[PDB]
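[1] give me a 3D structure for the following:
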Amino acid sequence: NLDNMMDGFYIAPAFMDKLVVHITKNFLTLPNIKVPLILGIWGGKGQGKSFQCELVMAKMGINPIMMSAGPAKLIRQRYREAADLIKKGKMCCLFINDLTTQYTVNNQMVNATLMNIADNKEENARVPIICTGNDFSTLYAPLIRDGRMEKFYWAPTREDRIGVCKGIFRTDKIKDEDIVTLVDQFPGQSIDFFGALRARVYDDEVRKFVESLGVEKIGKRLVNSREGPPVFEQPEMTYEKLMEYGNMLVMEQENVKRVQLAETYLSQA
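    Numbers count the residues shown, from 1 in each chain. Below is the structure in question.
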């Protein structure tokens, strides 16, 4: 089973299974089973990871105490904030986006050893910790062999990419058959590329609206009206338009690379 959709956005079944089971195991009393407190999700940037995490946690009705970079005493602060949401009978977990990093490893290690009592007097709630990153340094291996941290490698399949995109363009004109074709036309592109693609079409349509109205008339039409910020009408999103936008972003990706490579031919001055 497992219902893999939240607000029209698709969740990868295997991503969801690992995460839900992790959280569930952490909120049950098992016989003599070493339950990892931490779950490390890794793969190349731009894929689902943090976004998928947010959708699973939402589906379950969880408001997670989140962080990124962004001393190491803040981890204990956010941890206890989550442990307090549990005390008030509201399932919560600690979610750390994108992984000086020397103390955090220890801070995580001290929590993993004594999670029911983490201070910085009464004894607190156990909080599952969910971490997203790129490769996860050999720095994290002591938790891995102990069984305090479980490592999960996740890379989206063609169906995950298609699933996610249908959710991204759910509110838009486009047919699903066209969304599949667009995904197939850019197989070297991560999921955030399709999000960047949609964002640029909107950014261009707002420019057409601004150019057609005029700089001087924007203020009065947008803010003066006794109630609410106006709803912007969705642009006509054909396959060909999305395709031109897509190809344009690839050019921008390539030109940045070309420029960096071309600079090697000129002396440092």
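
[2] where exactly do the helices run in this protein?
    Along the chain, counting by DSSP state H, helices occupy 13-25, 49-59, 73-87, 101-113, 141-146, 158-168, 176-185, 191-213, 215-222, 239-262.

[3] show me what the fifth one is packed up against.
    Contact partners of helix 141-146 among helices and strands, from 3 or more C-beta pairs under 8 Å, 6 or more residues apart in numbering; DSSP states H and E: helix 101-113, strand 149-153. For the C-beta atoms, the positions are set from N, CA and C on the backbone; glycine is no exception.

[4] would you list the ones you listed in a markdown table and tack on mean neighbour count and distance to residue 238?
    Listed next are the helices and strands packed on helix 141-146 as a markdown table, based on neighbours: other C-beta atoms under 10 Å; distance: least, C-beta to C-beta, whole Å:
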| stretch | mean neighbour count | distance to residue 238 |
| --- | --- | --- |
| helix 101-113 | 16 | 46 |
| strand 149-153 | 16 | 37 |
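
[5] now the ones you listed in TSV, with distance to residue 18?
    Formatted as TSV, the helices and strands packed on helix 141-146 follow (distance: least, C-beta to C-beta, whole Å):
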stretch	distance to residue 18
helix 101-113	18
strand 149-153	5
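
[6] residue 81: how many residues sit nearby?
    Neighbour count for residue 81, taken as other C-beta atoms under 10 Å: 13.

[7] that one contacts residue 65, correct?
    Yes - contact criterion C-beta atoms under 8 Å: residue 81 and residue 65 qualify, at 4.7 Å.

[8] need the helices of the chain in a markdown table with distance to residue 122, can you?
    Formatted as a markdown table, the helices of the chain follow (distance: least, C-beta to C-beta, whole Å):
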| stretch | distance to residue 122 |
| --- | --- |
| helix 13-25 | 24 |
| helix 49-59 | 27 |
| helix 73-87 | 10 |
| helix 101-113 | 17 |
| helix 141-146 | 26 |
| helix 158-168 | 43 |
| helix 176-185 | 52 |
| helix 191-213 | 43 |
| helix 215-222 | 52 |
| helix 239-262 | 53 |
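
[9] closest to residue 39 out of the ones you listed?
    Between residue 39 and the helices of the chain, the shortest separation by C-beta to C-beta is 4.6 Å, and it involves helix 13-25.

[10] quick one: contacts of the closest one?
    2, 4, 33, 35-36, 39, 41, 48, 52-53, 56, 59-60, 62, 91, 93, 128, 130, 150, 152, 154 (C-beta atoms under 8 Å, 6 or more residues apart in numbering).

[11] dig out what residue 41 forms beta bridges with.
    The partner list for residue 41 in beta bridges (DSSP bridges) reads residue 132, residue 152.

[12] quick one: residues contacting the spatially closest residue to residue 103 that is not a sequence neighbour.
    Distances taken as C-beta to C-beta, 6 or more residues apart in numbering put residue 72 closest to residue 103, at 3.9 Å, once the chain neighbours are dropped. Taking C-beta under 8 Å, 6+ apart as the criterion, residue 72 is in contact with 103-104, 106-107.

[13] residue 72 and residue 192: what is the separation?
    29 Å (C-beta to C-beta, to the nearest Å).

[14] how much space separates the residue nearest to residue 73 when sequence neighbours are not counted from residue 80?
    In this structure, residue 73 finds its nearest non-sequential neighbour in residue 120, 5.7 Å apart by C-beta to C-beta, 6+ apart. When distance is defined by C-beta to C-beta, residue 120 is 8 Å away from residue 80.
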